[PDB]
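Participant: Residue numbers (this note's numbering), protein chains in the order written: chain S, 7 to 205; chain P, 29 to 218; chain W, 3 to 249; chain U, 414 to 551; chain Z, 2 to 177; chain C, 5 to 113. The beta-carbon is built from N, C-alpha and C at its ideal position, and this holds for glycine as well.
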RNA sequence: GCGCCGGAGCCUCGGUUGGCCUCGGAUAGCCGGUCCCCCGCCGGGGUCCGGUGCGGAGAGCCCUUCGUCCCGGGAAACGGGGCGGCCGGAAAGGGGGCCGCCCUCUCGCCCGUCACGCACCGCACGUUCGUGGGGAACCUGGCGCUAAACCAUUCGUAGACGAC
RNA sequence: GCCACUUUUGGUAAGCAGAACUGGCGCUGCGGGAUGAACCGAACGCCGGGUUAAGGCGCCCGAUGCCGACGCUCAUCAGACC
RNA sequence: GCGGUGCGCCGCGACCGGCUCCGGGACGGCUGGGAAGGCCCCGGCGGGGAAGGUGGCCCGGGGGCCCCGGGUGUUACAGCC
Ligand SMILES: [Mg+2]
Ligand SMILES: [Mg+2]
Ligand SMILES: [Mg+2]
Ligand SMILES: [Mg+2]
Ligand SMILES: [Mg+2]
Ligand SMILES: [Mg+2]
Ligand SMILES: [Mg+2]
Ligand SMILES: [Mg+2]
Ligand SMILES: [Mg+2]
Ligand SMILES: [Mg+2]
Ligand SMILES: [Mg+2]
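Written as structure tokens, this is what we have:
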């Protein structure tokens with residue numbers, strides 16, 4: 007009863023638009039690997055937009071001003087907060103439901119992370135428009151932890167490769183087993199084929 | 029308009045054998061192997077003929093600024109096959125007015141120390157990007173010969189040393205000093 | 003309207019929360035970045051200020067007007083007894099920073115260092131690490147320790163060794179010793195923990211850490227001067243004599 | 414590299430629209446994005462059809478680009494498409510989708526009671542193959 | 002006029018009133034294009050006011066009917082002569098479309114003028130729509146379809162039906 | 005011995021931008037997302053089930069803490085399969101984004 | 001008087017009504033095998049063979065709850081349930097796999113046979129996660145523990161007072 | 001007294017001053033124009049059901065989560081509704 | 001038993017009427033007494049036309065008789081008007 011969304015290949019505010027309404031309707035949504043979120047438009051326009059957000063600062067005491075978060079997780083958290091009614095109790099309950107991480111931490115490396123096709127770069131951009139990675143933008147604007155995230159990601163992609171070879175060889179044992187037992191399951195198989203489950 | 033189809037082919041000689049792995053192309057031949065990754069250009073690359081003699085690049089439904097890119101792949105692959113089967117050689121001449129420009133070549137072709145340019149004491153160390161070898165020529169007074177496979181690496185390493193020898197704060201039209209690219213061309217003639 | 007005569011700004015905004023320091027001894031905000039091609043060495047030490055003195059030395063800088071002449075120079079004597087190493091701390095690099103992994107203390111911790119764990123050494127019964135130092139003289143405790151050393155060898159990235167001053171040898175009033183994490187910079191993590199657990203529980207002098215004529219950085223809180231005003235603190239220009247509510 | 418091409422005389426399964434679920438034969442190309450089309454042996458009347466609703470398949474039957482519905486019907490049932498489609502593994506999984514959508518309550522129960530043992534037998538055969546691989550290893 | 006929906010072609014005829022100097026006037030006829038016969042009769046009196054000395058009151062409609070397309074199953078080329086008013090000065094034009102029906106190509110004409118030139122349907126003034134054979138065409142965007150062996154793939158099939166699987170785990174495919 | 009109610013979420017009241025009308029709940033039912041598809045649920049008894057502090061009765065049983073506010077599903081809403089319900093006492097805004105059960109039993113099948 | 005494991009019930013806060021245990025990723029390209037072939041610490045790739053509106057399908061997969069009783073068929077047998085060791089986990093560490101024992105069953109599953117179980121007399125919050133989270137007192141045992149903080153005094157590296 | 005369509009006088013001009021016609025505000029809520037005396041819609045007893053106007057329908061925020069239709073458009077200062 | 005009135009509280013159903021938002025059938029009129037299309041050229045007889053030119057013919061190359069281009073031209077072993 008928790009939506010584990012992936013973040014790679016998704017447009018920033020176009021993912022945040024679905025996430026905002028889906029959290030106001032009561033889900034607990036965990037958008038994971040947020041540094042792989044990309045934004046449309048080219049990287050120099052996008053970092054000029056974020057540097058303009060940096061210079062927008064309370065003049066007399068910038069401690070009270072806009073907290074320009076630098077990590078990609080909290081950039082995406084700030085844009086979901088912009089799309090939620092967060093001055094009030096239901097918007098604050100929604101922000102309490104949304105959890106947002108950089109990379110894939112170990113409550114969620116073992117779980118199967120979802121996608122949103124409606125907010126995805128190969129669906130909602132022309133293939134010749136330039137885009138901009140939010141992780142690289144965050145690193146250019148002052149996020150400190152790109153390199154440690156990338157090394158932890160190559161570690162988890164190795165360990166996921168191990169899990170995937172194990173799952174492949176289990177699936178191949180399953181197909182050799184079904185080939186070896188079709189003589190005494192082909193009566194059970196045949197009524198799953200007449201109801202459209204194996205054709 | 030959105031033009032329905034535009035294509036060009038690339039004739040391929042016999043001593044070489046291109047192979048395309050999806051959209052990145054890998055040219056192997058006499059001198060060395062080199063690749064280039066066309067995954068930014070959104071076209072189709074057929075490899076046709078047996079002996080694989082032709083590379084067809086075609087683009088379907090392309091407007092003007094994208095049909096511009098349908099023969100620039102042909103130009104990159106033509107320059108690619110040229111640099112594989114023949115290699116590239118840029119000879120660049122060292123022009124001075126009074127102070128002679130002293131060039132020494134360290135790390136067997138990979139770093140260039142330029143000295144005495146305009147009488148400056150700041151010595152210039154320029155590193156060739158990999159695969160390019162700089163060399164002082166013979167039977168000619170002031171040359172630097174840049175050998176390599178592909179022109180982007182070779183001509184980039186040439187432009188680095190040309191912009192390294194530059195005149196600042198004075199009249200660039202009178203003070204015609206520096207090392208300038210004179211003779212682009214080939215290692216082995218065909 | 004603007005300011006008639008431009009003039010640079012009093013004070014620095016870089017040091018801006020000009021409050022009392024939240025800690026008495028100066029903390030190293032950043033140790034030097036390690037490279038594994040060094041031998042293993044300590045990147046900090048901890049001495050106490052004593053005073054000031056002249057010297058006379060013959061300066062060798064060629065070209066200068068004081069070449070081969072003899073300047074005098076103010077020096078500062080930092081009395082610096084050998085610190086005793088007591089524990090090691092390991093750190094794992096996380097996408098939220100660098101968290102601590104597993105602090106490991108030695109068996110015999112001297113009462114110099116034991117006073118640091120107590121706000122009141124008189125009223126207590128001096129009970130710190132009594133349940134902990136039974137983990138060194140039994141087999142289950144020793145191989146639990148070898149388990150966490152093996153976990154520190156493979157999950158930690160930065161290793162900081164714990165060291166305290168040796169306060170008996172100092173003429174001060176106090177006895178409660180200063181404890182400090184010193185980062186061990188040097189070779190790979192196996193070499194680093196082997197060095198650290200071999201030199202665990204024993205001393206290290208200054209000459210293991212620094213050398214003669216080595217530029218260092220000095221960290222500490224300044225000399226406190228109390229609640230003071232803008233002329234005394236920010237060095238603004240005093241308003242003239244005729245001012246009604248104070249100048 | 415592309416292997417399904419819009420041209421004169423391909424059949425295309427239709428995704429949505431008025432005529433969802435049928436094959437058509439593309440006759441001519443009106444625009445960048447619209448095509449004159451006719452499925453004459455499946456009751457799709459000769460009409461225009463956009464490309465966005467039609468999924469072109471690997472059946473090229475030849476006829477001229479202005480041929481009438483008579484000649485498209487002739488080439489259709491000369492090639493005998495309507496059995497090649499019903500034997501194609503596209504339409505087999507289409508009609509399988511349609512079957513498990515058409516499934517009633519009682520046979521949903523019968524499917525469940527079947528597939529429970531149909532998974533039990535594979536599951537213990539798979540674990541005995543796992544221990545047979547471990548005995549091969551040992 | 003609002004170019005609402007696909008247009009229809011209206012053959013509409015009209016004449017001045019029976020007046021005692023000429024008791025039977027001539028009858029005039031227009032091919033006009035309009036969403037329905039009400040706005041069609043209004044466009045008729047607009048153009049006949051532009052051409053003759055004839056108005057809503059000094060004349061009458063006679064037959065306002067539809068021209069059905071006479072071969073809607075043969076793809077044809079249409080040449081369309083226009084007259085539109087820009088932000089600065091009006092211009093005569095010639096555009097070419099390719100469609101099954103005549104009113105379909107004029108619907109495509111109004112939408113193409115509104116797309117490219119921002120010309121709105123009160124400003125756009127039609128004058129001549131003709132079916133043009135496949136060699137008299139002047140425009141490359143139409144002439145590129147004159148191929149008996151025309152052939153092209155459908156390269157980048159961008160995923161429509163985005164929100165039926167809204168939280169999926171498949172990455173979508175676009176090579177079909 | 006399992007669930008006999010469809011899952012629905014009290015999205016909000018029937019409202020405008022500067023006005024809400026609390027007599028009509030907006031219910032978002034799981035799985036149905038079009039007006040072509042919302043037709044099955046019209047007229048179904050829906051219920052907001054909640055617990056409380058002190059015990060109240062429970063018919064066909066003994067008193068416990070749980071409580072209801074019954075209703076019915078009146079008419080579709082929008083194009084995304086959102087629907088309107090009317091409850092016999094208006095729902096508290098406590099219930100925003102909490103599970104309203106929507107039953108099956110006024111069947112028309 | 002406090003932590004730990006080894007039963008009855010009582011207040012209070014409430015949400016919830018089966019799980020999905022994971023390749024990386026491409027998008028003018030993918031997925032899965034054999035490896036016949038070549039090297040590296042099983043993997044990397046060429047080659048061939050299948051799928052590709054994805055069926056090794058999230059349009060999906062697993063689980064499938066009325067219960068027991070007789071006996072029969074298919075299924076299992078090398079299986080189910082019930083004590084000690086081996087390791088696998090660090091980014092915010094997994095109620096996981098594996099070697100034996102002494103126990104005990106042909107019961108679990110799929111088709112049939114046989115009857116029985118308040119059939120509470122048409123009627124709503126049922127069915128769970130649930131030994132839920134927190135709070136007091138009744139508990140019967142066992143191995144473990146019997147500390148600091150603050151004031152007051154002093155210091156003066158600190159100081160308006162606290163603070164240090 | 002003030003504002004607005006259109007006509008109009010002085011003034012370079014003005015959220016300036018001075019007129020004509022009509023409608024408004026003042027005396028007036030309500031939906032929309034984010035915000036707002038005058039603009040767009042619409043004028044009011046207290047309610048239930050239905051339906052609209054002007055304006056909208058990614059999310060804040062009811063409504064496009066249409067497999068909407070045809071194009072133009074790259075902005076290192078994009079554009080976005082009397 | 002009949003007639004009136006009400007149930008202590010919480011609920012359900014049934015039909016009848018009013019007002020509505022929908023959904024499924026079915027029948028007919030008008031038009032250019034609809035425009036097209038369907039089946040009986042490879043609808044019938046004969047006459048033409050040209051191309052987004054099919055056969056064939058030639059030229060060119062990719063092959064193992066097919067495909068790909070370019071030219072000629074008028075039904076041929078496709079069709080269109
Ligand atoms: Mg000068
Ligand atoms: Mg100034
Ligand atoms: Mg005075
Ligand atoms: Mg409950
Ligand atoms: Mg005025
Ligand atoms: Mg009035
Ligand atoms: Mg008013
Ligand atoms: Mg505004
Ligand atoms: Mg008006
Ligand atoms: Mg109302
Ligand atoms: Mg709005």
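With C-beta atoms as the reference, is residue 169(W) less than 8 Å away from residue 48(W)?
Facilitator: For residue 169(W) and residue 48(W), no; Cβs fall outside 8 Å.
Participant: Can you list the residues of chain C that residue 30(S) reaches, using a CB-CB cut of under 7 Å?
Facilitator: Those within 7 Å of residue 30(S) in chain C are 101.
Participant: If residue 50(C) and residue 30(C) are in contact, beta carbons under 8 Å, what's the gap, nearest whole angstrom?
Facilitator: About 12 Å separates the two Cβ atoms, so there is no contact after all.
Participant: Among residues of its own chain, excluding the 5 on either side of residue 125(S), which ones have a beta-carbon nearer than 8 Å to its beta-carbon?
Facilitator: 16, 17, 20, 21, 23 and 24.
Participant: Give the residues of chain Z in contact with residue 415(U), contact being defined as C-beta atoms less than 8 Å apart.
Facilitator: By Cβ distance, chain Z contributes 154 and 156.
Participant: Taking 8 Å as the threshold (beta carbon to beta carbon), is residue 94(P) in contact with chain U?
Facilitator: Judged by the 8 Å Cβ criterion, residue 94(P) is not in contact with chain U.
Participant: Which residues in chain P have a C-beta closer than 9 Å to the C-beta of residue 445(U)? List them in chain order.
Facilitator: Within 9 Å Cβ-Cβ: 29, 30, 32 and 89.
Participant: Determine the extent of the beta strand (DSSP E) in which residue 39(W) is found, giving its start and end residues.
Facilitator: Note, residue 39(W): premise wrong, no beta strand (DSSP E); not H, not E.
Participant: Which residues have their C-beta within less than 7 Å of a heavy atom of ligand 3, listed in chain order?
Facilitator: Result (chain order): 244(W) and 246(W).
Participant: Skipping 5 residues on each side, what residues in its chain have a beta carbon closer than 7 Å to that of residue 482(U)?
Facilitator: Excluding positions up to five away in sequence, the list reads 451, 453 and 459.
Participant: Got a sec, what are the start and stop residues for the beta strand (DSSP E) residue 104(C) sits in?
Facilitator: 103-106 is the span of the beta strand (DSSP E), which, as asked, contains residue 104(C).
Participant: Quick check: does the Cβ of residue 112(Z) come within less than 7 Å of any heavy atom belonging to ligand 2?
Facilitator: Not under cutoff, so the answer is no.
Participant: Residues of the region 154-165 of chain S with a CB closer than 7 Å to any CB of chain W: list them in chain order, please.
Facilitator: If the cut-off is 7 Å between Cβ atoms, the region 154-165 of chain S has 154, 155 and 158 near chain W.
Participant: Compute the Euclidean distance between the alpha carbons of residue 149(W) and residue 199(W), then round it to the nearest angstrom.
Facilitator: When rounded, the distance between both Cα atoms is 14 Å.
Participant: Can you tell me whether residue 143(S) is helix, strand or coil according to DSSP?
Facilitator: In the structure shown, residue 143(S) sits in a helix (DSSP, three-state: H, G or I).
Participant: Which residues, taken in chain order from the region 521-541 of chain U, show a beta carbon closer than 7 Å to some beta carbon of chain S?
Facilitator: From the region 521-541 of chain U, only 523, 524, 527, 528, 530, 531, 534, 535, 538 and 539 have a Cβ closer than 7 Å to chain S.
Participant: Would you say the beta carbon of residue 70(C) is closer than 7 Å to some non-hydrogen atom of ligand 4?
Facilitator: Correct: residue 70(C) has its Cβ closer than 7 Å to ligand 4.
Participant: For residue 98(S), return the contacting residues in chain U, with the cut-off set at a CB-CB distance below 7 Å.
Facilitator: Within 7 Å Cβ-Cβ: nothing; residue 98(S) doesn't reach chain U, min ~42 Å.
Participant: Relative to the C-alpha of residue 200(P), which candidate in 164(P), 146(P) and 160(P) has its C-alpha closest?
Facilitator: For residue 200(P), the nearest C-alpha among the options comes from 146(P).
Participant: Determine the contact status of residue 17(Z) and residue 60(Z), defining contact as a CB-CB distance below 8 Å.
Facilitator: Cβ atoms of residue 17(Z) and residue 60(Z): closer than 8 Å.
Participant: So does residue 5(W) have its beta carbon nearer than 7 Å to some heavy atom of ligand 2?
Facilitator: Because some heavy atom of ligand 2 lies under 7 Å away, the Cβ of residue 5(W) counts as near it: yes.
Participant: When the Cβ atoms of the region 188-207 of chain W are set against those of the region 51-71 of chain W, are three or more pairs found closer than 8 Å?
Facilitator: Because the criterion of three Cβ pairs below 8 Å is not met, the region 188-207 of chain W and the region 51-71 of chain W do not touch.
Participant: Check the Cβ of residue 201(S) against every Cβ in chain U and list those closer than 7 Å, keeping chain order.
Facilitator: What residue 201(S) touches in chain U: 512, 513, 516, 520 and 524.
Participant: What's the C-alpha gap between residue 211(S) and residue 109(S)?
Facilitator: Examination of residue 211(S) is not possible in this model, given that chain S is present from 7 through 205 alone.
Participant: CB of residue 198(P) to nearest heavy atom of ligand 1: below 7 Å?
Facilitator: Yes, the Cβ of residue 198(P) comes within 7 Å of a heavy atom of ligand 1.
Participant: Indicate whether the contact test is met: 3 or more Cβ pairs, each with one atom in the region 5-23 of chain W and one in the region 206-216 of chain W, closer than 8 Å.
Facilitator: At 8 Å Cβ cutoff, the stretches do not touch.
Participant: Here's the rule I'm using: 16 or more other beta-carbon atoms within 10 Å means buried, otherwise exposed. How should residue 185(W) be labelled?
Facilitator: When all chains shown are included, residue 185(W) counts as buried.
Participant: When the Cα atoms are used, what is the spatial distance from residue 36(W) to residue 100(W)?
Facilitator: Taking the straight line from one Cα to the other gives about 15 Å.
Participant: Between which two residues does the alpha helix (DSSP H) holding residue 519(U) run?
Facilitator: Unbroken alpha helix (DSSP H) run through residue 519(U): 519-550.
Participant: Can you check the region 29-81 of chain Z for any alpha helix (DSSP H) of at least 4 residues that lies completely inside it and give the ranges in chain order?
Facilitator: As far as the region 29-81 of chain Z is concerned, its whole alpha helix (DSSP H) runs of at least 4 residues are 38-52.
Participant: On the three-pair Cβ rule with 8 Å, is the region 140-151 of chain S touching the region 50-65 of chain S?
Facilitator: Contact holds: three or more Cβ-Cβ distances are below 8 Å.
Participant: Considering just the uninterrupted stretch of the alpha helix (DSSP H) at residue 105(Z), what are its terminal residues?
Facilitator: 103-117 is the extent of the alpha helix (DSSP H) around residue 105(Z).
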